[PDB]
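Chemist: Pasting a structure here, questions to come.
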Number of protein chains: 2
Amino acid sequence: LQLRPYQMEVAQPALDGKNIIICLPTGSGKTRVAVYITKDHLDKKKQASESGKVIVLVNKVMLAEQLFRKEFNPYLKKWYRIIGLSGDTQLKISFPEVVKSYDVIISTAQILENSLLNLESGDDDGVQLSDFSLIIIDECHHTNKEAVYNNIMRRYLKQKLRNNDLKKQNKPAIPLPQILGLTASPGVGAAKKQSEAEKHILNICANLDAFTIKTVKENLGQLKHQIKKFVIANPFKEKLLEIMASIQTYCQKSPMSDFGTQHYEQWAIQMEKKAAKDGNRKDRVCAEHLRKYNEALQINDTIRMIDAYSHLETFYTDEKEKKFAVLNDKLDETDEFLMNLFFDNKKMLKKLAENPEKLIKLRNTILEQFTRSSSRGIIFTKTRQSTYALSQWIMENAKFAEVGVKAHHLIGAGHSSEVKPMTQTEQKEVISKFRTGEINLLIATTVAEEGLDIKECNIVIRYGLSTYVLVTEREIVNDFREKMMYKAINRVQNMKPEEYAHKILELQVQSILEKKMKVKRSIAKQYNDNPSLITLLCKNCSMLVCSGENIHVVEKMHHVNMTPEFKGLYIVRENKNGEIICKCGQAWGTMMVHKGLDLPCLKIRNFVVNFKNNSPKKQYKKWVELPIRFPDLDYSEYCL
Amino acid sequence: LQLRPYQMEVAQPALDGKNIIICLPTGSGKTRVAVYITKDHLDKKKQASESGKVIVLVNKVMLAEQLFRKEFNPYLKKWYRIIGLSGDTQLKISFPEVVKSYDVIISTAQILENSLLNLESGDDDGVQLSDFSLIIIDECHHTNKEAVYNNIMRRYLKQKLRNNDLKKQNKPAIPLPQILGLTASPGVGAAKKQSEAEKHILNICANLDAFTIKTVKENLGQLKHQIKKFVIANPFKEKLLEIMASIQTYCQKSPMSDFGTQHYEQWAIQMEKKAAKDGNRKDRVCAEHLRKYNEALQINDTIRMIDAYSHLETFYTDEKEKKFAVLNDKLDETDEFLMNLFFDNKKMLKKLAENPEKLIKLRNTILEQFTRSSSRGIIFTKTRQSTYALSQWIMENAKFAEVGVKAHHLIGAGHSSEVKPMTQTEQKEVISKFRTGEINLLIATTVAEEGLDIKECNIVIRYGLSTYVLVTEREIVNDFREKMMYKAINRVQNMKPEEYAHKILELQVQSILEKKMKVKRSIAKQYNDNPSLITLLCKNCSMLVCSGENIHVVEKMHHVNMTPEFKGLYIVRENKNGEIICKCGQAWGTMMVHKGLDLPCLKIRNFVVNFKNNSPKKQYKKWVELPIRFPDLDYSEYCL
RNA sequence: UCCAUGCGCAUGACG
RNA sequence: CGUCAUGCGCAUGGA
RNA sequence: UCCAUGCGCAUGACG
RNA sequence: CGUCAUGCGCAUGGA
Ligand SMILES: [Zn+2]
Ligand SMILES: [Zn+2]
């Protein structure tokens, strides 16, 4: 396994047992450097005939799969055992056994963290860093806070301090493994001065217990040989603002801010909370409606107003369906007022919609851009909805199709934001098409920025964040941060070893003590653990919905209300298991058909709590917030 | 009937009316334990002078025959009545009468299940678990899902819950029988942790309504006295891959995966389905051809390429015969292209075939192995075709004959996979020869693994799955699973009785409610039951083949088309009742000469459906999938 | 004893 | 939920 | 392969 | 400390 010279120089310190960091520009193939380090370390242990283990940690499963497929296994098919562990891949043997075998391991951090926790717990599945003899970490820049990498390494730091104390006062010391570190760039965060950036670098080193940073400052020639611009370009709004002012007058609400900013939205949420604490109308409901209107304004500021019309149409059609279902099996004055205030203008609002806008300007830019050019293209943005809007809008246009510009959307897989997520398989398929060429342009929020193997891209356009385009100053600050980070690395590399040791030791002690106080506060957090001390009410209509003892739990994850008395209250809806709404139209939850039972599961976000101590109402957004515990459902009862 | 001490201890709880499980290592003769339990129970009932019945259930007919021949009858020839019931043995008296007589019964589960269903139905042949006073089950580990054992025992669980309700609210309770359970090992399935294995064990106990598990933890000495290693060792491929790439280019097909994996085959099947939904060529036909090529690649990866040549030769010779028959009484461009692309290389492909391979390596291993050694040998594999290939190939070699190694193939009897099945009689004969010694080595897929009485085997080789050999990590996971299962049993045995009762009760309720939802969904499945609403077309050539009313049914099992108009379409073929093919060469079905009528029976796999509602085309693979029903043939019509 | 057909079930691998 | 392989069981019919 | 749920983490903007 | 957006990871369950 031949190694490049610039790679060779940086790798040399690690071959001597030094736990260091190794940061190289993207495209330099530092993965092969890690493979060489691994092979050399395992050969050294073979010569010494000792436990040779490596645990490669990557924050994304895609990276573990790629490393198994391309770099580690092919180069080590013959000598050693390898396994591409991950959480999504179903294995048949537990993790401790994988440690007892499979000399070389590619995994994901939180799996190892879970195994360590189980060791600390009573699950009896044990594993310790002492078992491993070397640890390799990818994207070390994420080891800056209580993330998984730092959570793993803090245990190692604590054990190292205990080992120092034992050494000084005792003969035996628990062995600890070597620690390698890889990263495209150490990064700088919340830095305004060289001093702050240097403090950040020292913090990263202390978290990784590194000895020194390593870069290539002598063989830059072939590196530059292998590794190789900012361009910048209504009546519907005021009509909607008029409606907003009218509803404010109807509600006697003082915004204190303008329309189309996070300040107004935050105030709306705060007033919604207050209204829920008062059990009053025209405040909570109007708070939600103003939230929706402000969202419409914000999207219109960057997206065609047709999409704001679609958003409002979906919202009010859902409201109509809710009220119609309520009528089955009357309407409040507030609901009547708001719905009539909307519907009376919906048709004319749409009429305004078609009238011609950052969108048209961006179109004018990109159509001109595509005349130059194989062709490739990328677009960045913020919201998931914006991606769908741009995709369908560019599909509607005929000029792009005439040029042959085929575009497709791309987003993450998180189940949030009330948008259809994209699965990992679909992301893989889309990227494969992009490589093949079935799609000429990509629209991504942040996925294509890192992780996804997107390359040979001529155009990269950022819309509201190798030609580079930024449609809408941030590039200047980004370049300044890059330069400051490089200078900080240069300084830190050139430092007295003892001063560096003292500083990193102080930082390690600080981190450990902070974690100790975090543990103390977390333990002190939950203290009540009461069976039934509350009552749940509908936040819109301050009516009794549930008691504290009639609730039960399934899977220790879902909370349900089995009592027949409760079932006479809610209503069911479904369109395209089923959704559960109030008598007032407020959503309550979902009908889960689990274990041969039709459990009406409910969510806490949409209810309000009333303690038996008459304490003020509260909103939680999550069950775990309160410390009181509920009993687990017993199927013997209700079996019937 | 003397009983061994370790057997005595485990059997003791059952003598007190406890429904338990009894798992002992193979070779400990737990059958005699069951016989002792049966004799004691029947003697106890004789003393009480009540209905003494036992229904022994075994999942294989061979086991029932062996129990009748060796263990139950010989030990109970004198006192009680016994009968070796099975589905293959022709009896003269129905099953309910056998219950009314024949105190002790050895049978197979699905026979009892059929009788219970008839009781539930209107056939008037009745039988109930209340009739029996004891139930004995062999290989209880199969009672984990909706298999026959669990399907029988769920009725018992439901009846037990009804009995508890009656007891609490009423005086009388329907009697229920004792339940014994035998198994070599409870087994662990889909378990990665002690918790999951324990959950599996509890599920098995709930399905069997066991009181406790029982093992021998005190008399292990004589058990170990009576009851008593992993070894591990081209241009044709690329030539065929070149042809595959060429045909892909001819078809504009994007595989998205590599060659020689189930992914490519699954994609080929999906694209075949899509093509059938489009009624287009070069997609379905090429899908089948690529299926065959991928199968050839997979078998070549583990088998000599000569067998891949044989497979392709059979396929293309059958195609030539089909096209020649079509010419009797033209060829498509796609068929011409593919057949010419194959034949032009067949001779040179064979020339490559003889050029020297897991096969030669395995030969080198086994020839060396046979120098040690009465001699015995076993080989395991996956495919039925691999067994025939290995048998004929080892026959071709002269070294094995020189050593005196005689080998024979062995497979199951299922009528699937397009391979010649092996009959039960032939399996018995082969095993008898193996015991006698006419054959020194056996080649089996999975039959010899369990059920078949194969023993005193020095060598057991697994090729792509008391010396043990594994030619090609799974042994490690198997040992881990064994250890985890043993620990789970140890834990479950040592548990509070009331907690165990509560957990098993919850599991029983869960299983019953799940079955209730299954029944609901099955009832809701079929709703249409229409006489004629579809048309059948040939999937290759999207041409009308049959209407919905011209079809008729015989035996409520076969669907035929009596209309003369249909007969003018198809063609007949036969080589070595007859087979029916299309005008395009597509296979349609078989000519069944039944009840003095030459019915042209057809299969649904090879046709495509077109609803009268213009719904999209569909593929079913089975008639029962659609709910619409067809009329039964009336012989008065067509009698002529 | 052999042959043909239909239905159901479980295991393993893969997606 | 789908694909492949393997094994098993039951129910019909014929020689 | 798809769907639902829960939990945790980081980044950016804002207050 | 709170709000919004984005992305990621893990753990359950079902088809
Ligand atoms: Zn309400
Ligand atoms: Zn045809």
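Letters for chains follow the order of the structure tokens (A, B, ...), residue numbers begin at 1 for each chain, and ligand numbers begin at 1 in the order shown.
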Hey, could you make a per-residue contact list for chain F against chain A with 7 Å as the cut-off, showing the nearest pair of atoms and its distance in Å to one decimal, counting only C-alpha atoms (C1' of nucleotides), sorted by chain and number, as JSON lines?

Modeler:
{"residue": "F:3", "atom": "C1'", "partner": "A:266", "partner_atom": "CA", "distance": 5.2}
{"residue": "F:4", "atom": "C1'", "partner": "A:262", "partner_atom": "CA", "distance": 6.9}
{"residue": "F:5", "atom": "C1'", "partner": "A:383", "partner_atom": "CA", "distance": 6.5}
{"residue": "F:6", "atom": "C1'", "partner": "A:382", "partner_atom": "CA", "distance": 6.4}
{"residue": "F:7", "atom": "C1'", "partner": "A:446", "partner_atom": "CA", "distance": 6.3}
{"residue": "F:10", "atom": "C1'", "partner": "A:110", "partner_atom": "CA", "distance": 6.6}

Chemist: Could those residues be written to a file, using N, CA and C atoms (P, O5', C5', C4', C3', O3' and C1' of nucleotides), as a PDB file, in the first residue's frame?

Modeler:
ATOM      1  P     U F   3     -39.659  27.289  22.477  1.00  0.00           P
ATOM      2  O5'   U F   3     -39.746  28.184  21.165  1.00  0.00           O
ATOM      3  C5'   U F   3     -40.786  29.137  21.011  1.00  0.00           C
ATOM      4  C4'   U F   3     -40.666  29.885  19.711  1.00  0.00           C
ATOM      5  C3'   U F   3     -40.386  29.038  18.487  1.00  0.00           C
ATOM      6  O3'   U F   3     -41.545  28.396  17.993  1.00  0.00           O
ATOM      7  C1'   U F   3     -38.975  30.929  18.474  1.00  0.00           C
ATOM      8  P     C F   4     -41.410  27.038  17.154  1.00  0.00           P
ATOM      9  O5'   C F   4     -40.765  27.513  15.780  1.00  0.00           O
ATOM     10  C5'   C F   4     -41.485  28.378  14.919  1.00  0.00           C
ATOM     11  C4'   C F   4     -40.653  28.827  13.746  1.00  0.00           C
ATOM     12  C3'   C F   4     -40.003  27.727  12.932  1.00  0.00           C
ATOM     13  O3'   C F   4     -40.901  27.098  12.039  1.00  0.00           O
ATOM     14  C1'   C F   4     -38.424  29.428  13.349  1.00  0.00           C
ATOM     15  P     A F   5     -40.670  25.569  11.618  1.00  0.00           P
ATOM     16  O5'   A F   5     -39.458  25.645  10.592  1.00  0.00           O
ATOM     17  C5'   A F   5     -39.524  26.497   9.460  1.00  0.00           C
ATOM     18  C4'   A F   5     -38.175  26.662   8.815  1.00  0.00           C
ATOM     19  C3'   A F   5     -37.439  25.377   8.502  1.00  0.00           C
ATOM     20  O3'   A F   5     -37.903  24.748   7.325  1.00  0.00           O
ATOM     21  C1'   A F   5     -35.961  26.888   9.538  1.00  0.00           C
ATOM     22  P     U F   6     -37.844  23.152   7.213  1.00  0.00           P
ATOM     23  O5'   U F   6     -36.288  22.852   7.126  1.00  0.00           O
ATOM     24  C5'   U F   6     -35.503  23.449   6.109  1.00  0.00           C
ATOM     25  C4'   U F   6     -34.042  23.121   6.268  1.00  0.00           C
ATOM     26  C3'   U F   6     -33.710  21.665   6.513  1.00  0.00           C
ATOM     27  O3'   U F   6     -33.761  20.878   5.340  1.00  0.00           O
ATOM     28  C1'   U F   6     -32.474  23.005   8.000  1.00  0.00           C
ATOM     29  P     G F   7     -34.136  19.322   5.438  1.00  0.00           P
ATOM     30  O5'   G F   7     -32.814  18.661   6.020  1.00  0.00           O
ATOM     31  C5'   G F   7     -31.578  18.836   5.351  1.00  0.00           C
ATOM     32  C4'   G F   7     -30.408  18.473   6.228  1.00  0.00           C
ATOM     33  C3'   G F   7     -30.435  17.093   6.856  1.00  0.00           C
ATOM     34  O3'   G F   7     -30.100  16.055   5.958  1.00  0.00           O
ATOM     35  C1'   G F   7     -29.806  18.662   8.480  1.00  0.00           C
ATOM     36  P     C F  10     -27.763   5.555  12.890  1.00  0.00           P
ATOM     37  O5'   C F  10     -28.487   5.403  14.294  1.00  0.00           O
ATOM     38  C5'   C F  10     -27.728   5.152  15.462  1.00  0.00           C
ATOM     39  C4'   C F  10     -28.567   5.254  16.708  1.00  0.00           C
ATOM     40  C3'   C F  10     -29.678   4.236  16.859  1.00  0.00           C
ATOM     41  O3'   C F  10     -29.212   2.968  17.284  1.00  0.00           O
ATOM     42  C1'   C F  10     -30.495   6.373  17.414  1.00  0.00           C
TER      43        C F  10
END

Chemist: What are the DSSP strand (DSSP E) residues of range 115-284 of chain A, as a VMD selection string?

Modeler: chain A and resid 134 to 137 178 to 183

Chemist: Write to file, as a tab-separated table (two decimals), in the first residue's frame, the residues of the selection just made, with C-alpha atoms.

Modeler:
chain	number	residue	atom	x	y	z
A	134	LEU	CA	-6.87	2.71	18.41
A	135	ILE	CA	-9.75	5.05	17.62
A	136	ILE	CA	-10.23	6.85	14.30
A	137	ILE	CA	-12.69	9.74	14.00
A	178	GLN	CA	-4.32	5.78	20.62
A	179	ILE	CA	-6.63	8.40	19.13
A	180	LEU	CA	-6.44	9.60	15.54
A	181	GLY	CA	-8.40	12.52	14.17
A	182	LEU	CA	-9.47	13.38	10.63
A	183	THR	CA	-11.26	16.47	9.35

Chemist: Return as JSON, numbers by chain every polymer residue, whether protein, DNA or RNA, with at least one atom no more than 9 Å from an atom of ligand 1; count only C-alpha atoms (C1' of nucleotides) and all ligand atoms.

Modeler: {"A": [537, 538, 539, 540, 541, 542, 543, 545, 570, 581, 582, 583, 584, 585, 586, 587, 588, 607]}

Chemist: Let's see if you can do this: from backbone DSSP, list all helix (DSSP H, G or I) residues in range 294-508 of chain B, as a ChimeraX atom specification.

Modeler: /B:294-302,305-327,333-353,358-369,384-396,399-403,424-436,447-449,474-493,497-508

Chemist: What residues in chain A have any atom no more than 7 Å from chain B when counting only C-alpha atoms, and can you write them as number ranges by chain?

Modeler: A: 92-94, 595-596, 635-636, 639

Chemist: Would you mind listing what lies within 9 Å of residue 15 in chain F as a list in words, with only C-alpha atoms (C1' of nucleotides) counted and same-chain residues fewer than 5 positions away left out?

Modeler: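 Contacts, in chain order: residues 1 of chain D; 2 and 3 of chain E.
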
Chemist: Go ahead and save the picked residues with N, CA and C atoms (P, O5', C5', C4', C3', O3' and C1' of nucleotides), as a PDB file, in the first residue's frame.

Modeler:
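And here's out-v1.pdb as it stands now:
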ATOM      1  P     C D   1     -48.234  -7.739   4.896  1.00  0.00           P
ATOM      2  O5'   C D   1     -47.323  -7.177   3.718  1.00  0.00           O
ATOM      3  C5'   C D   1     -47.919  -6.542   2.600  1.00  0.00           C
ATOM      4  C4'   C D   1     -46.898  -5.954   1.660  1.00  0.00           C
ATOM      5  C3'   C D   1     -46.125  -6.931   0.797  1.00  0.00           C
ATOM      6  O3'   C D   1     -46.887  -7.448  -0.279  1.00  0.00           O
ATOM      7  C1'   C D   1     -44.655  -5.289   1.641  1.00  0.00           C
TER       8        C D   1
ATOM      9  P     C E   2     -37.807   3.277   0.488  1.00  0.00           P
ATOM     10  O5'   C E   2     -39.324   3.172   0.951  1.00  0.00           O
ATOM     11  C5'   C E   2     -40.376   3.496   0.058  1.00  0.00           C
ATOM     12  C4'   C E   2     -41.722   3.261   0.690  1.00  0.00           C
ATOM     13  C3'   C E   2     -41.995   4.037   1.963  1.00  0.00           C
ATOM     14  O3'   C E   2     -42.369   5.381   1.730  1.00  0.00           O
ATOM     15  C1'   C E   2     -42.620   1.786   2.277  1.00  0.00           C
ATOM     16  P     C E   3     -42.203   6.466   2.899  1.00  0.00           P
ATOM     17  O5'   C E   3     -43.275   6.014   3.982  1.00  0.00           O
ATOM     18  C5'   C E   3     -44.661   6.075   3.688  1.00  0.00           C
ATOM     19  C4'   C E   3     -45.492   5.541   4.825  1.00  0.00           C
ATOM     20  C3'   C E   3     -45.275   6.208   6.168  1.00  0.00           C
ATOM     21  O3'   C E   3     -45.929   7.456   6.278  1.00  0.00           O
ATOM     22  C1'   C E   3     -45.299   3.873   6.458  1.00  0.00           C
TER      23        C E   3
END

Chemist: Quick one: residues within 10 Å of residue 1 in chain E, only C-alpha atoms (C1' of nucleotides), excluding same-chain residues fewer than 2 positions away - as a PyMOL selection string?

Modeler: (chain A and resi 425) or (chain C and resi 15) or (chain D and resi 1-2)

Chemist: Can you pull out every residue within 6 Å of residue 106 in chain A, counting only C-alpha atoms (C1' of nucleotides), but drop anything in the same chain fewer than 3 positions away, and send it as a ChimeraX atom specification?

Modeler: /A:56,84-85

Chemist: Please report the interatomic distance between CA of residue 226 in chain B and CA of residue 453 in chain B in Å with one decimal.

Modeler: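 Rounded to one decimal, the two atoms are 18.1 Å apart.
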
Chemist: Using only C-alpha atoms (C1' of nucleotides) and a cut-off of 7 Å, which residues of chain E sit close to chain A? Please list them as a PyMOL selection string.

Modeler: chain E and resi 6+9+14-15

Chemist: Write out as a PDB file with N, CA, C and O atoms, in the first residue's frame the residues lying within 10 Å of residue 604 in chain B, counting only C-alpha atoms (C1' of nucleotides) and excluding same-chain residues fewer than 5 positions away.

Modeler:
ATOM      1  N   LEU B 536     -58.602 -11.717 -20.511  1.00  0.00           N
ATOM      2  CA  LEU B 536     -57.252 -12.243 -20.377  1.00  0.00           C
ATOM      3  C   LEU B 536     -56.508 -12.086 -21.695  1.00  0.00           C
ATOM      4  O   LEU B 536     -57.037 -12.444 -22.754  1.00  0.00           O
ATOM      5  N   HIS B 559     -59.196 -24.053 -14.151  1.00  0.00           N
ATOM      6  CA  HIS B 559     -59.956 -23.148 -15.001  1.00  0.00           C
ATOM      7  C   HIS B 559     -59.637 -23.451 -16.456  1.00  0.00           C
ATOM      8  O   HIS B 559     -58.467 -23.546 -16.839  1.00  0.00           O
ATOM      9  N   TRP B 588     -49.036 -21.108 -22.484  1.00  0.00           N
ATOM     10  CA  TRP B 588     -50.380 -20.823 -21.991  1.00  0.00           C
ATOM     11  C   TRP B 588     -50.850 -21.789 -20.916  1.00  0.00           C
ATOM     12  O   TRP B 588     -51.525 -21.370 -19.974  1.00  0.00           O
ATOM     13  N   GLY B 589     -50.523 -23.072 -21.026  1.00  0.00           N
ATOM     14  CA  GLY B 589     -50.966 -24.018 -20.019  1.00  0.00           C
ATOM     15  C   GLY B 589     -50.748 -25.466 -20.395  1.00  0.00           C
ATOM     16  O   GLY B 589     -49.769 -25.793 -21.069  1.00  0.00           O
ATOM     17  N   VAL B 609     -54.353  -9.356 -17.056  1.00  0.00           N
ATOM     18  CA  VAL B 609     -55.767  -9.077 -16.861  1.00  0.00           C
ATOM     19  C   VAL B 609     -56.070  -7.664 -17.324  1.00  0.00           C
ATOM     20  O   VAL B 609     -55.266  -6.740 -17.149  1.00  0.00           O
ATOM     21  N   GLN B 619     -50.937  -8.389 -12.622  1.00  0.00           N
ATOM     22  CA  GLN B 619     -50.390  -9.737 -12.582  1.00  0.00           C
ATOM     23  C   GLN B 619     -50.630 -10.319 -11.196  1.00  0.00           C
ATOM     24  O   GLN B 619     -50.451  -9.627 -10.188  1.00  0.00           O
ATOM     25  N   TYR B 620     -51.024 -11.591 -11.144  1.00  0.00           N
ATOM     26  CA  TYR B 620     -51.496 -12.189  -9.898  1.00  0.00           C
ATOM     27  C   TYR B 620     -50.714 -13.411  -9.447  1.00  0.00           C
ATOM     28  O   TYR B 620     -50.545 -13.609  -8.244  1.00  0.00           O
ATOM     29  N   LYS B 621     -50.283 -14.261 -10.375  1.00  0.00           N
ATOM     30  CA  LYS B 621     -49.555 -15.493 -10.085  1.00  0.00           C
ATOM     31  C   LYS B 621     -50.458 -16.573  -9.497  1.00  0.00           C
ATOM     32  O   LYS B 621     -50.028 -17.719  -9.352  1.00  0.00           O
ATOM     33  N   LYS B 622     -51.703 -16.242  -9.168  1.00  0.00           N
ATOM     34  CA  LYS B 622     -52.620 -17.212  -8.584  1.00  0.00           C
ATOM     35  C   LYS B 622     -54.047 -16.734  -8.798  1.00  0.00           C
ATOM     36  O   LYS B 622     -54.325 -15.535  -8.754  1.00  0.00           O
ATOM     37  N   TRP B 623     -54.950 -17.689  -9.013  1.00  0.00           N
ATOM     38  CA  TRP B 623     -56.345 -17.342  -9.260  1.00  0.00           C
ATOM     39  C   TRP B 623     -57.013 -16.786  -8.012  1.00  0.00           C
ATOM     40  O   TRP B 623     -57.856 -15.887  -8.101  1.00  0.00           O
TER      41      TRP B 623
END

Chemist: Mind checking which residues fall within 12 Å of residue 289 in chain A, counting only C-alpha atoms (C1' of nucleotides), ignoring those fewer than 6 positions away in the same chain, and posting them as a PyMOL selection string?

Modeler: chain A and resi 243-244+247-248+251+265+268-269+272+282-283+295-296+312+315-316+319+334-335+337-339+341-342
